[PDB]
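Report on one structure; see the data block that follows.
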Amino acid sequence: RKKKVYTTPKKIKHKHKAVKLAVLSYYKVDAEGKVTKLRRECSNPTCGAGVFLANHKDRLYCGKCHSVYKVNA
Amino acid sequence: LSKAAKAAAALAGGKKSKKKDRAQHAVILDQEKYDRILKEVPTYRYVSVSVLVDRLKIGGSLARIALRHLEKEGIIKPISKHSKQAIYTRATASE
RNA sequence: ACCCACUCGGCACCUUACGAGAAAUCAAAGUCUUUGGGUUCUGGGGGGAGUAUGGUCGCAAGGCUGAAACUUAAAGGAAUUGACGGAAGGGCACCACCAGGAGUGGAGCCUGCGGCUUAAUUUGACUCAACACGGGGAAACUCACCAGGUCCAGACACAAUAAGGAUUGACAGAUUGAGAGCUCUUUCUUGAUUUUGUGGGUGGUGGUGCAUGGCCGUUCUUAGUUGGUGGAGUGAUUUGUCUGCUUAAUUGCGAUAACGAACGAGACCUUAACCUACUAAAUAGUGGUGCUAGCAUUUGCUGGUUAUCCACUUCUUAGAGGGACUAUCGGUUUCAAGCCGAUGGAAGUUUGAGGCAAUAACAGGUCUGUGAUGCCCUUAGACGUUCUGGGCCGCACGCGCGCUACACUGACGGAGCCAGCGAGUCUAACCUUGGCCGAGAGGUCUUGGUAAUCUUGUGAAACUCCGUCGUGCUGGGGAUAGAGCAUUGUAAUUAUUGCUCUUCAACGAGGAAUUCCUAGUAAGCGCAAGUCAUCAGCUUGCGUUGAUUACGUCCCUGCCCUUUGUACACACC
RNA sequence: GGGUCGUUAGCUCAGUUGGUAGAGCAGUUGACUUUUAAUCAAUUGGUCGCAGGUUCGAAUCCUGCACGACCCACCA
RNA sequence: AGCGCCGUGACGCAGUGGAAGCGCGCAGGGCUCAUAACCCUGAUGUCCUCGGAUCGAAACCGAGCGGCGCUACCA
RNA sequence: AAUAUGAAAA
């Protein structure tokens with residue numbers, strides 16, 4: 001076949017393997033008490049408070065119930 | 001050899017686009033034609049649609065109709081009929 | 001002059017090979033590695049070259065004598081098997097012709113190829129032996145091409161990263177054709193499966209069909225091909241495998257330094273023709289009797305009705321078998337194989353058509369069928385896989401299969417209206433009956449059928465019968481365009497296809513050329529299957545109607561055998 | 001010696017009056033074939049032999065020179 | 001220096017005031033395995049350029065261009 | 001009766 005040449009400049013750069021959140025201890029800051037909850041935790045049965053809901057536009061999202069899970073509280 | 005030049009193949013484009021009295025039968029009768037038919041079909045030992053068309057200049061269709069009316073008036077005698085040709089005589093007592 | 005025998009000397013000849021020879025051949029070309037009767041001349045690879053030069057003869061043309069430089073690996077001789085011949089002999093083929101038929105090539109369109117074009121117009125194939133071919137009738141898929149975007153299904157080993165996390169997925173906004181997080185923003189999710197790298201595999205409708213298997217075609221639809229042991233020859237090789245006659249046949253009868261065999265042909269197998277026979281048959285029928293309908297009115301005729309039953313297998317399906325073996329007769333030839341005519345017979349061309357089909361080969365076609373593969377390339381901004389949209393159809397032209405016609409042997413309308421091969425769904429949706437609705441396509445509600453049971457008697461067309469016509473580019477042809485109506489399909493647009501109305505061009509029997517064809521054959525006429533979701537002008541089959549002319553030839557193109565010539569052997573290109 | 005004419009791709013030939021280089025051969029590449037040859041397609045190479053007038057600007061117009069090609073060069 | 005001539009398809013050459021012909025060559029198509037030849041067809045011409053005259057010219061007459069030929073004798 | 005030619009190696 002012909003020698004291949006790309007019209008687009010560059011496209012190999014993938015998303016990173018991970019966000020690199022290091023220790024990921026964003027659970028809560030507490031002074032030797034019961035540390036408790038920083039974010040809320042999902043009410044859906046498929047999670048059962050196993051997940052911290054996200055925040056992208058001041059509304060929250062579940063990465064385990066996943067996709068269109070939307071709360072605005 | 002076999003492959004011609006592109007200019008020679010342009011002669012495909014240069015090819016360019018260059019490449020290698022009715023009869024007036026009656027079709028409608030008049031008094032004169034009407035007189036003509038009953039005076040002459042006593043002749044014409046053989047009468048059919050084509051013969052009437054050839055020797056009386058009738059437009060074929062009216063030749064067929066005239067044959068039916070010649071049959072109705074009995075001046076004609078059948079030998080055979082068909083949806084595409086009919087054979088007729090002068091109602092001759094000679095044969 | 002003959003005849004018979006002999007002799008001497010010639011011109012030769014016939015048979016053999018003791019002998020000679022590389023062989024063809026030779027009574028000399030013998031008496032030759034067992035090499036010596038006498039003597040003259042000539043040659044040392046082929047060309048250069050009988051050239052130059054020097055002589056010499058000649059009126060001249062030229063004759064005699066006669067080099068070298070240089071150049072080259074063969075040149076050449078005799079036989080062998082082929083190939084080939086405008087060589088001969090024999091027998092043959094509608095891929096040959098004759099006598100013809102139908103056509104093509106002339107026009108329009110479908111379709112394939114080339115050329116051109118383009119981002120791509122994917123590609124293999126180019127005399128028979130490529131071009132309605134790759135089962136290739138491509139809207140997405142197919143697809144291999146083009147413009148773009150994903151994904152990895154990169155096995156496994158090791159090294160690195162590394163659960164105070166390897167890695168994965170993310171709604172939404174941007175971006176993108178795109179509810180592809182692909183990538184960016186964002187914070188969540190997942191948790192040893194991975195990721196990165198070194199190796200190493202895996203895929204490829206990527207290249208090579210000239211590196212291969214397999215498959216097919218072709219040589220090659222003709223009758224050809226091979227061993228054993230003998231015979232000839234130093235040997236390649238030859239005979240067997242052939243003079244004649246015959247057969248479709250290397251088929252036989254015969255001949256015979258060959259005998260006996262093997263593949264091929266044949267024999268064979270399937271299908272198509274006869275079966276009042278065996279076996280039968282609510283998935284085929286028929287008749288009779290019941291019940292019923294109509295006319296007759298009737299006694300007879302034509303129908304409907306399987307739980308009305310009974311009988312039967314003629315037609316229909318079959319299983320096993322019979323039959324054909326040129327049977328018999330008359331002619332004709334080693335008088336054999338065989339052939340010709342007639343008789344009978346369902347059939348007397350191998351009874352018809354196919355299947356299978358040998359030795360050897362092509363540098364035929366295919367790695368785009370193959371998880372069959374060698375080698376090369378590539379392997380993650382892959383030539384892998386997949387998604388969106390084009391393309392395979394693009395049009396100045398050339399070519400090849402064809403489908404329409406150019407009309408009265410018709411066109412049209414209304415009747416009669418009769419086949420065969422075959423195919424079809426069930427847990428998935430086929431073949432569809434009947435009813436209803438709509439001009440139509442089609443829509444609608446059900447029905448039978450896993451099928452001799454229902455589609456389906458596939459009630460096909462051509463055909464016939466009765467009417468409109470009119471000799472006219474006309475009601476022939478319906479290409480070409482518009483508008484509209486449905487179907488298949490996620491999607492039709494570069495109109496899938498069907499229908500309605502309108503448009504109505506070329507086409508006047510086709511130039512040089514050229515294809516096919518000997519009887520249910522050509523041809524006309526459609527039907528089924530194939531591919532298929534829809535679509536046929538395509539092929540594979542089937543049936544309806546159904547000719548003319550042959551019954552021969554080697555004149556063109558070719559084939560097989562024998563003889564022959566050859567300076568050909570990648571073989572008359 | 002004078003008058004005239006012409007010199008452009010590696011080569012050859014057109015050009016054209018004042019807007020810019022065309023054709024063939026050659027060379028490179030690809031197609032083609034087993035590979036070449038041939039053929040085809042594309043590309044390369046051209047300050048137009050050196051100094052002017054301006055048609056804005058010359059390859060072509062014009063004056064020089066360096067090549068060359070022609071024509072003419074006492075006299076009785 | 002003077003005078004005369006020619007110029008027409010790619011090539012050679014015709015041809016008259018109503019407009020372009022011949023042969024060759026080219027092109028298609030067939031035959032051929034392919035080429036040649038052969039068979040059936042087809043095209044292609046600012047008639048050197050410009051202007052004028054004419055109803056219209058290749059032709060007529062001017063301009064130009066290119067290519068030719070003749071004259072060049074008496075001393 | 002006319003019927004010429006078919007590149008180089010393999």
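Here, A, B, ... name the chains of the structure tokens in the order displayed, residue numbers run from 1 inside each chain, and ligands are numbered from 1 in the same displayed order.
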#### Entry: Contact set, chain E to chain B: 12 Å, only C-alpha atoms (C1' of nucleotides), as a PyMOL selection string
chain E and resi 26-29+34-35+40-44
### Task
Can you list, as a list in words, all residues belonging to chain A that DSSP tags as strand (DSSP E or B)?
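Written out, the strand (DSSP E or B) residues of chain A are residues 41, 52, 60 and 71 of chain A.
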### Query
Which polymer residues have any atom within 8 Å of an atom of stretch 49-51 of chain E, counting only C-alpha atoms (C1' of nucleotides), with same-chain residues fewer than 5 positions away left out, as a list in words?
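Result of the neighbour search: residues 63, 64 and 65 of chain E.
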### Task
Using only C-alpha atoms (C1' of nucleotides), find the residues of chain A whose closest atom to chain C is at most 9 Å away, then write them as a ChimeraX atom specification.
/A:1,6,10-15,17-18,22-24,51-57,60-70
Output file for the selection above: C-alpha atoms, as a compact mmCIF listing (two decimals), in the first residue's frame:
```txt
# COMPACT_ATOMS: atom_id res chain seq x y z
CA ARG A 1 0.00 0.00 0.00
CA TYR A 6 -1.69 11.59 9.04
CA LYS A 10 -1.48 13.99 17.04
CA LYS A 11 -4.02 11.75 18.77
CA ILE A 12 -2.17 9.12 20.81
CA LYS A 13 -2.29 11.00 24.13
CA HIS A 14 -4.64 8.93 26.27
CA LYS A 15 -6.23 9.87 29.57
CA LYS A 17 -4.02 5.70 34.13
CA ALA A 18 -5.43 7.30 37.28
CA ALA A 22 -2.10 9.82 46.42
CA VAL A 23 -3.29 8.76 49.91
CA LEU A 24 -6.96 9.37 48.95
CA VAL A 51 -19.43 5.32 47.59
CA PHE A 52 -18.77 9.00 48.09
CA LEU A 53 -20.88 10.98 45.65
CA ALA A 54 -18.84 13.15 43.33
CA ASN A 55 -19.00 16.86 42.50
CA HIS A 56 -18.58 18.29 39.04
CA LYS A 57 -20.90 21.33 38.73
CA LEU A 60 -23.15 15.15 42.89
CA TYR A 61 -22.61 11.91 41.00
CA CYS A 62 -22.07 8.26 41.93
CA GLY A 63 -19.20 6.46 40.26
CA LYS A 64 -20.62 3.04 41.14
CA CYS A 65 -24.32 3.37 40.40
CA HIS A 66 -22.54 5.14 37.59
CA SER A 67 -23.63 7.12 34.50
CA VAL A 68 -26.81 9.22 34.86
CA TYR A 69 -26.96 9.02 38.64
CA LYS A 70 -27.69 12.67 39.37
```
### Query
Distance atom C1' of residue E:57-atom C1' of residue E:10, one decimal place?
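These two atoms are separated by 26.0 Å.
Taking atom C1' of residue C:17 as the reference point, atom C1' of residue C:231 is found at 18.0 Å.
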